[PDB]
Amino acid sequence: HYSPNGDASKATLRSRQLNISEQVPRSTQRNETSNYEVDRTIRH
Amino acid sequence: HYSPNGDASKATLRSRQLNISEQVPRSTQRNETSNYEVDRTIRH
Amino acid sequence: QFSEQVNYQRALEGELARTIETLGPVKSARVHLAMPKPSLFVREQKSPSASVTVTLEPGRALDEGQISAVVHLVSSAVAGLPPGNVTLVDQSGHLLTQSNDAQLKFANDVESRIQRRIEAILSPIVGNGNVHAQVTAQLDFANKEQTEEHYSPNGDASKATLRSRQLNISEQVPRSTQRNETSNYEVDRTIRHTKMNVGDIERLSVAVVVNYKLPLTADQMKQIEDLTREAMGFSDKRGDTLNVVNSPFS
Amino acid sequence: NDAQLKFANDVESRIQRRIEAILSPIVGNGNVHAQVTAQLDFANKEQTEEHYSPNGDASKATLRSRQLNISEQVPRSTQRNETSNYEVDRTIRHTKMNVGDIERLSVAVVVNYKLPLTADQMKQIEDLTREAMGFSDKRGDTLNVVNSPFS
Amino acid sequence: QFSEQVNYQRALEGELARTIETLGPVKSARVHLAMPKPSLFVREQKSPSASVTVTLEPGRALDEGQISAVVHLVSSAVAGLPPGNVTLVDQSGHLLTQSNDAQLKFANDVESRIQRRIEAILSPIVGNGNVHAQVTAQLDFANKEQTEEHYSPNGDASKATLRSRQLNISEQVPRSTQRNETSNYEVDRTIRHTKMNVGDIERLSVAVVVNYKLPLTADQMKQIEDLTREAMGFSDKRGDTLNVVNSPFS
Amino acid sequence: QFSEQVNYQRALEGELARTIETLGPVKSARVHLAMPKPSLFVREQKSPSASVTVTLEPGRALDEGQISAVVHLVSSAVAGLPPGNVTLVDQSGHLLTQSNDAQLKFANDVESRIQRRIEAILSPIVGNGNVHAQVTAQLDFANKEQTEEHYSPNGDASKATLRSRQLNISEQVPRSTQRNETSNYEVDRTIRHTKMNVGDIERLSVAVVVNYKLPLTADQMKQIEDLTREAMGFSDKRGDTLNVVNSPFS
Amino acid sequence: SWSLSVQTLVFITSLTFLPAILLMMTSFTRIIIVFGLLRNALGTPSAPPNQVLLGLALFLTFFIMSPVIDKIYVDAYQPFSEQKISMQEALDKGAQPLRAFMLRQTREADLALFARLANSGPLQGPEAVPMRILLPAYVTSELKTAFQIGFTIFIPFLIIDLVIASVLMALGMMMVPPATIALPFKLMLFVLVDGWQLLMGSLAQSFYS
Amino acid sequence: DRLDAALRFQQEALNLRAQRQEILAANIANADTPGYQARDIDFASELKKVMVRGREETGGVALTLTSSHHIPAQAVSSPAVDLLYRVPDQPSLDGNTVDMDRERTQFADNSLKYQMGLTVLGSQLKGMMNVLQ
Amino acid sequence: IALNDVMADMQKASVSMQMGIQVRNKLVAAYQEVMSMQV
Amino acid sequence: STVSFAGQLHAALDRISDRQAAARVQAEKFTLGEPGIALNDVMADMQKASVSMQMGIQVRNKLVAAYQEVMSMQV
Amino acid sequence: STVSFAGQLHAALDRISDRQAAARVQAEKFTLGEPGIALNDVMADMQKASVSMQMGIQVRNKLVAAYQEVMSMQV
Amino acid sequence: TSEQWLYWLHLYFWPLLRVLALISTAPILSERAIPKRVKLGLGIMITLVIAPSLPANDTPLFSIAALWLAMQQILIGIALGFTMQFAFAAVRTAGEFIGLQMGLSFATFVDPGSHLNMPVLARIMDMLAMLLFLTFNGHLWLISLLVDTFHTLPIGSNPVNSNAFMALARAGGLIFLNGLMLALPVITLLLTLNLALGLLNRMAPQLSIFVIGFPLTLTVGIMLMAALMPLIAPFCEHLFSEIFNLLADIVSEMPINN
């Protein structure tokens, strides 16, 4: 079993790189790289 | 168990690089890298 | 090249027996030593031991002082032997050596010391059997550790310490000003290595009961409370608690 | 492990005896009793202080080297590069504190009646027992003296 | 082999038992030495010990001085034996050694010295037993290490010391000017290696009582006070503390 | 093989004993030499010792100079035995072997010396028994080190010392001026290596009382105080303290 | 100091000198001579030197030099690792314990001869003698000691030989070859008293004393 | 170790030469874009900074390393060297301050010094291999 | 990874392996020379 | 004194080492950008140090071969 | 799970081969007349493939040297 | 394949060094018949199987300050293989002394450069014990114990303790003991024969053991050792097992003693 971290309110990040770049003909750009840490249970 | 660090008001950072820029027709930019450290409980 | 060592050790068993026996309130006292023995492979030589059984004088028992006496005797006879590992038994059970629960006895000892001191100080005021007390002691048996690294702050240049400094200044006159400054500091540092003692008093609680003469005067009561506060070594920070009452005894 | 108690008992007895030795001739042989409680610091102590002295003032600076470049034209263009390798005083203590000092003493003293002793006759005796306590204000030492008849 | 050194052990133990008897309150003293081994695999060299049990003379009790006497008798009869290892037992127990506390006795000796000196000075003025004093000593048993590295400040160019100097001065005349300078110095230096003593007096507390002749004259009190300050070696900086009172004895 | 040096030991014990026996106040000498082994498992090799318990002639005590005589005789007849390693005991008690409190002993010695000198000088002035004084001495036992490295100043060019010098002077005539100057000096220096002594006095506090003739005159008292300042070796930089008073004895 | 050049020349060459010079510098000479001599008694080899005796001497000398190697380790391999001691004080600090070890076993007149034929002038103290003089003197002294130990070991087996031959010839056994009779008696003496442990322990004790 | 402490300097210098090399080739490639503001770095100061501090390249993050088949991807990474502006001569109406002659003589110099560093490392490593055989 | 980094790594590892092998060769040779003597 | 094979050999190996060190310092300063030093100086001194290294290596090989030949003859 | 550096060598060889095959098929497509593909792109990819191939050859040479050296220690 | 591996290729070197020490020293592994390449490849090709699941990280320092680590591994190899040679020395003693009884070695008695008896009877029993060793689990238990040393004494700053080379030194020791305990019946019976044929000299001093004795004792020895050949098969069991135990002991003595 694992836990769902679809929500950032309960997500647990290890790394997050974030670039926001936009001009205002409004040219916009956004990048979001995320590495998560996940809860887990191993029932053997 | 990992604790959620979605809230920066309760997260822990090992490193953070933060680029903030803006020209004034305004051309703006923001870069932000973050490495966290996570609260962790390991039951066996 | 082997048996002579066992033979010698058993001879020494007899020797130690004859010493510890010839002590007065003893008629017989037989021991077994616990030493590494010649396997030709063991090199570590774990801590030894010495188990003594003694049959004392009928009608007599040995006090703790002479228990420690004989334990240190046999401990100082055998080289490289901690006296704690020497374990003594009476002629029927009743280990007079204490070698997980000793903290209970240590707490009881602390409480006895405090309470006996209270009685000794208050007997003159109210009388020999007119006051009783009991002490509860919170003892902390955790192996604490500490390593502090205070630095002294050198934000103030009037208290900083520059080993090396480079300072580049440039300007043109429409002014273009420039000032590059590099500083390497030497820093004041302190290193404490605190290792808290095992078994310290972290908290006390003492209830005092005093007899009547009819009740005592208020001031005599409050001074009694102050003295018992004192004889507790009362500390507000340790959470120490003290409560005193007066009423007829029975 | 338990011998800490023995040593503390010895210290407390010593102070008790000295207090009696001072006070008895003032009041009598059996007109006083004292009891001592000693908080004994049995923690293993090591310390290391490495004070440097501040060389902030060139009036008290010690330089090993100094490169100095001063340039200027006259549109006044002035430039001034400077390098200083200082050299510094240093003081290194290694105080490994003793094991088993007194961090705190509490002493209560009881004095018998002759009829109570007068105010001066009380303050002097309490000051004497303070003095014989080794009473240290920075140690949180504590003293309580009272006058009343014995049993 | 191995039987020869064991036989030497037994011979020496018998020798000490044989010749201990010529000591008065000695009638049997059974002893054992303990040297672990002349090793090959450890540099730790766990120390040998010695244990002795003796039977005293009925009708005679034994001082501590003769305790230390027999202890050093053994400890120097057999070298490779610091006296702490020697463990003496009475004919029935009674540990005569505490095998950390010599501090209490040493402080006692210091205080006895100073107190006796105060007595010897003040006795002629007021009488043989009209005075009493007791002294409390704070003793700094902590080990100290120290090192100071004082330098002389070479700020003053007239008092500074120069090993090298490159001094380049130029100018043009629209005035353009240049001045590049280098200076390598030599420095006066002080280097201590202070290693402070163990067990110094850090604070002395002295309380003095004097009997009456009727109260003594006031200047007589102040001169006696100055005397006790003087013989105390009273230093203000240490926090030394002094008190004097006059009152009839009992 | 080794039994040969064992018997060497055990015979020299007899010859030593019979030497001590020939002294007058001696009857026998229990002597035990103590040669542990000439090991090299440690860089110390604790000096081998020797213990003597002498049964004197009855009714005579053995004087400390003669105690030193016998101790030095034992340390001399025996190779590998320093005098301070010998132990000496009486047929009943009496540790005559006094080899941490050595500082107390030394301090008492010094104070006795200076105090005796004061009394010896003052007694003719005021009488044999009209004067008393005591001495309290602070002694330094910390190991010191010091290495001063004085350099002389060559800031003045009149008294400087040059190994080499490169000097360029240029000019054009718009005056283009240059002046380059490189100097490798060489510098006078002093280097001490002071290793201070252990046991030097830092502060003498001395209290003196003198009997009445009725009191002494002003000039007579002030000269008495001045001479005791003289005979103290009083130094104002050492913080020494001196106080002398006059009153009738009892 | 040396510069990624000579370092790893002096090291590899030192490893080259290891087996001869360094092994005969310390021990394994006395032990090997004594073992061979013991093999001369008790008859034939019966102990494969290329396989067993040499390795036994190797282990025994490891045990013997455990203290000097420990002191070398303390004086050099701690400080010389990464800081404050660099191959000049390291060399003398690491020479001191081995040199004391050799000087402690050298006969006090071997050094005399080797100084008197190296034309060395005065030698101020025991530490003043150089390795140049210390090596051959140590080797000669160790040869003397090895021969002494071998002689003592030969004593009892010689006694057994002569007593067995005497018994055989006195009981009338005119011309029996007493050697073959004596050899098992040699074994019996050597094993009943647990001879090997006695030998290695006695060597180890006598080697430093 | 002590093999990568003696060869460390030339390794770091040669890597820094390669980094300055693609900086200069970015100058060349943007020769005729408008408003480029040619960049360059100070080699001596940056080399001292690298030796004292390390690499400490700023800005870069790869994905995680879970079970295979999870499409590795990486962020845009750049060395920690602080790009310095090249002081321009001859303004050119489009902001582009890339002077062919300056950039190109610097390119040739950097190439030559990179080759020199390669030669020095080759010499040191051949020396090591010549000791060990 | 940088290319020059890869080749410098190549060569450093090669030299280290060569040095380890040569040291082992010297030690093995010393062992066999010790084991091939007469006793 | 005397020929001092140990001291002489130590001095020779020191000469090798300090020539290498001088070459390395020169190359360090050249690649750092310090003015002065020319390129041909760097290359020539580096090659000179390499030749000194090779001469030392060859001397070592010959001496090691000599020692191992002498210490193998049966006596 | 595991690295199994023979698997790493296999991965390196597969990378080299795939890069060369991609360059070859791009040259295929371009000379065939397929629109799109540019000449400078073809030449640049061929250049990169050549460099990777020489990468593989140099790694080959040094691995073979390393193996021929580890097979020389006497045991 | 970079140092991203090529310093993880530092995972192979130390275990390879230890395995190679054991192979170069072990009884069967280190026989001069094997081509050197086989022994080396077996070392490499054992460590490749054992190297994963060995968490090792060290550094071949220039002017190696960590050569004292390499020493360690070599030493442990010398511990495991060489000690197992004792079991052979024993029989190589026993049978040898048996020859020293019959007639075979009177050349080694009164004096030379030729011994000539090692070829005769010691190599019978030593290769018989060679086969007895191999036939188990001979070749293998040494390798399994080496892996066990990898797991008990992997890599460390405290590699070897003192008081532990005496174990192997005074271990044999059991070389003489076991050689006797094997050759005792044969020696005793030939002692009986020698003393009996000597007692014949009492009837006539002419009987001249050189003429009568040696042919009798040679046949007695050959026939008797034929009859007592099987007695070796149980003894070798002992002769190996105990020595293994010693190794096992020291291998398991070292960790709890470190």
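Residues numbered from 1 in each chain as written, not as in the entry; some residues may be left out. Chains lettered and ligands numbered in written order. Part of a larger assembly, values for the part shown. Heavy atoms only, no water. Residues with missing side-chain atoms left out of burial classes, pairs and counts.

*Asks:* So what about the overall build of chain J? Which residues, and what values?
*Replies:* A count of helical and extended segments in chain J gives two helices and zero strands. When the backbone C-alpha atoms are referred to their principal axes, chain J occupies close to 65 × 30 × 15 Å. The buried share among the 75 residues of chain J stands at 23%. Within the structure as shown, chain J displays about 5,100 Å² of accessible surface, and the carbon and sulfur contribution to it stands at 62%. Distance between charge centres in chain J, computed from 7 positive and 7 negative side chains, equals 5 Å. (Helix = DSSP H or I, 4+ residues; strand = E, 2+ residues; numbered from the N terminus. Buried < 20%, exposed > 50% of the residue type's maximum accessible area, 1.4 Å probe, protein only. Areas by Shrake-Rupley, 256 points an atom, 1.4 Å probe, with all protein chains shown as cover. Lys, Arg positive; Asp, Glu negative; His and termini not counted. Charge placed at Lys NZ, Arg CZ, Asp CG, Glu CD.)

*Asks:* I'd like a rundown of the overall build of chain C, residues and numbers included.
*Replies:* From N to C terminus, chain C includes four helices and nine strands. Here chain C has a C-alpha radius of gyration of 33 Å; the compact-globule value for 250 residues is 18 Å, and the former is much larger. In terms of overall dimensions, chain C has a C-alpha envelope of 110 × 85 × 25 Å along the principal axes. Relative to its full complement of 250 residues, chain C shows a buried share of 37%. (Rg over C-alpha atoms; globule rule 2.2 N^0.38 Å.)

*Asks:* Explain the packing of helix 2 (residues 10–25) of chain L against helix 4 (residues 67–83) of chain L to me, using residue names and the numbers behind them.
*Replies:* Residue and element names in this part refer to chain L. Their axes nearest at 7 Å, the elements helix 2 and helix 4 cross at an angle of 35 degrees. Of the two possible hands of crossing, helix 2 and helix 4 adopt the one that is right-handed. Mapping the contact onto sequence places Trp14, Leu17, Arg18, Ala21, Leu22 and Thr25 in helix 2 and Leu69, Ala70, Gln72, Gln73, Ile74, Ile76, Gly77, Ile78, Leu80, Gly81 and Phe82 in helix 4. Considering only residue class, the contact of helix 2 with helix 4 consists of eleven nonpolar, five polar and one charged. (Axes fitted to C-alpha atoms, helices over the stretch in contact; angles between N-to-C directions. Left-handed = near helix turned anticlockwise from the far one by under 90°. Contact = heavy atoms within 4.5 Å. Nonpolar A, V, L, I, M, F, W, Y, C, P; charged D, E, K, R; others polar.)

*Asks:* Please provide a residue-by-residue account of the pairing of strand 8 (residues 241–246) of chain E, values included.
*Replies:* All names here are of chain E. Among the six residues that make up strand 8, five are buried, leaving the element largely enclosed by the rest of the structure. In terms of strand pairing, strand 7 (residues 200–210) meets strand 8 through six bridges, oriented parallel. Along strand 8, the bridge assignment pairs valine 210 with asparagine 246. (Pairing = 2+ DSSP bridges.)

*Asks:* Tell me about the sheet that holds strand 4 (residues 131–140) of chain E, residues and numbers included.
*Replies:* Within a sheet, each strand pairs with its neighbour through backbone hydrogen bonds, oriented either parallel or antiparallel. Pairing is mixed across the open sheet formed by three strands, whose spatial order is 4-7-8 (chain E). Looking at which strands have only one partner, the edges of the open sheet turn out to be strand 4 and strand 8 of chain E. Averaged over all pairs of adjacent strands, the angle between their axes in this sheet comes to 10 degrees, without regard to strand direction. Against the sheet, helix 1 (residues 3–27) of chain D engages strand 4 and strand 7 of chain E, with an angle of about 160 degrees to strand 4 of chain E. On top of the sheet, helix 4 (residues 218–232) of chain E reaches strand 7 and strand 8 of chain E; it is set at about 145 degrees to strand 8 of chain E, its chief contact.

*Asks:* If you had to explain the interface of chain E and chain F to someone new, which residues and values would you point to?
*Replies:* On the chain F side, the residues contacting the 74 residues of chain E number 77 residues. A combined buried area of about 6,000 Å² lies between chain E and chain F, and 51% of that area is made up of carbon and sulfur atoms. Area buried by chain E at its contact with chain F is led by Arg113, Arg117 and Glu230 of chain E, which between them contribute 11% of it. Our count for the contact surface shared by chain E and chain F stands at three salt bridges. (Buried area = accessible area lost by both parts, 1.4 Å probe. Salt bridge = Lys/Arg side-chain N within 4 Å of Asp/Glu carboxyl O.)

*Asks:* Just give me the short version of the packing of aromatic side chains, but keep the residues and values in it.
*Replies:* Residues and elements named next belong to chain G. The tally for this structure, following the rule as stated, stands at 25 aromatic pairs over all chains. Taking the centre distance of 6.2 Å and the plane angle of 75 degrees together, the rings of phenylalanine 190 and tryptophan 196 count as edge-to-face. Residue class for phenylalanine 190 comes out buried when judged on its relative accessible area of 8%. According to the relative accessible area criterion, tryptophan 196 is buried, its value standing at 5%. (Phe/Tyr/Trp six-rings, centres within 6.5 Å; stacked < 30°, edge-to-face > 60°.)

*Asks:* Can you tell me about helix 3 (residues 102–126) of chain C, naming the residues and giving the values?
*Replies:* The periodicity of an α-helix, 3.6 residues per turn, causes residues three or four positions apart to be oriented the same way. Helix length check: helix 3 of chain C (25 residues) gives 35 Å between terminal C-alpha atoms against 36 Å at 1.5 Å per residue, within 8%. At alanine 120 of chain C, helix 3 of chain C shows its largest bend, some 25 degrees, and a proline, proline 124 of chain C, comes one to four positions later. (Expected span 1.5 Å × (residues − 1). Bend = angle between axes of the 7 residues up to and from the residue.)

*Asks:* Tell me what's going on with the sheet that holds strand 4 (residues 131–140) of chain C, and back it up with residues and numbers.
*Replies:* Residues and elements named next belong to chain C. Taken together, three strands build an open sheet; the order of strands is 4-8-9 and the sheet is mixed. Of all the strands in the sheet, the pair left with one neighbour each is strand 4 and strand 9 (241–246). If you compare each strand with its neighbour and ignore which way they point, the axes differ by 10 degrees on average. Lying over the sheet, helix 3 contacts strand 4 and strand 8 (200–210), oriented at roughly 150 degrees with respect to strand 4. Seen against the sheet, helix 4 (residues 218–231) touches strand 8 and strand 9 and runs at an angle of roughly 145 degrees to strand 9.

*Asks:* Summarise the pattern of salt bridges; cite the residues concerned and give the values.
*Replies:* Scanning the model with the defined rule gives 54 salt bridges over all chains in all. For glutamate 32 of chain B, the salt bridge is made with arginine 16 of chain A, and the minimal N-O distance between the two is 3.7 Å. Taken together, the positions of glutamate 32 of chain B in strand 2 (residues 27–36) and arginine 16 of chain A in strand 1 (residues 13–23) put the pair across two chains. For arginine 16 of chain A, a relative accessible area of 17% translates into the label buried.

*Asks:* Help me get a handle on the interface of chain E and chain D, residues and values and all.
*Replies:* At the interface, 56 residues of chain E touch 52 residues of chain D. On the chain E side of the interface with chain D, the three residues burying the most area are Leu104, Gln134 and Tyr185 of chain E, jointly 11% of the side's total. On the surface where chain E and chain D come into contact, there are three salt bridges. With a shortest N-O distance of 3.5 Å, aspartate 101 of chain E and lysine 6 of chain D are connected by a salt bridge. If you look at where chain E meets chain D, you find 27 residue pairs in polar contact. Examining the composition of the side of chain E that touches chain D, we find that ten residues originate from one element, strand 6 (residues 176–185) of chain E, more than from any other. Of the residues assigned to the side of chain E that touches chain D, the class counts are 19 nonpolar, 25 polar and twelve charged. Relative to strand 6 of chain E, strand 3 (residues 63–73) of chain D is paired through nine bridges, and the arrangement is antiparallel. (Polar contact = N/O pair within 3.5 Å; in protein donor to acceptor, adjacent residues only side chain to side chain.)

*Asks:* Run through the side chain of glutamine 21 of chain H, naming residues and quoting values.
*Replies:* All names here are of chain H. Position of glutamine 21 among the secondary structure elements: in helix 1 (residues 8–29). Given a relative accessible area of 18%, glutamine 21 falls into the buried group. Contacts of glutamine 21, omitting those with residues within four sequence positions, involve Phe107, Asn110 and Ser111.

*Asks:* Quick rundown of the side chain of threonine 93 of chain L? Include the residues and the values.
*Replies:* Along the chain, the position of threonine 93 of chain L falls in helix 5 (residues 86–102). Look at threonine 93 of chain L and you get buried, because its relative accessible area is 1%. The contacts of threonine 93 of chain L, once residues within four sequence positions are left out, are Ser46 and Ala47 of chain G together with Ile175 of chain L.

*Asks:* Give a detailed account of the nonpolar core, specifying residues and quantitative values.
*Replies:* The biggest cluster of nonpolar side chains holds 161 residues, and the ones touching the most others in it are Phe35 and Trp196 of chain G. Element by element, the count of residues in this core is highest for helix 11 (residues 232–257) of chain L, at twelve residues. If we skip the residues at most four places from it in the chain, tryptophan 196 of chain G touches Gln1 of chain C, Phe35, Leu38, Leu53, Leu56 and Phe190 of chain G together with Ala169, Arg170, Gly172, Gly173 and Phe176 of chain L. Core analysis: the second largest hydrophobic core is formed by 31 residues, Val27 and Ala38 of chain D together with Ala207 and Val209 of chain E among them. (Core = buried A, V, L, I, M, F, W, Y, C linked by side-chain atoms within 4.5 Å.)

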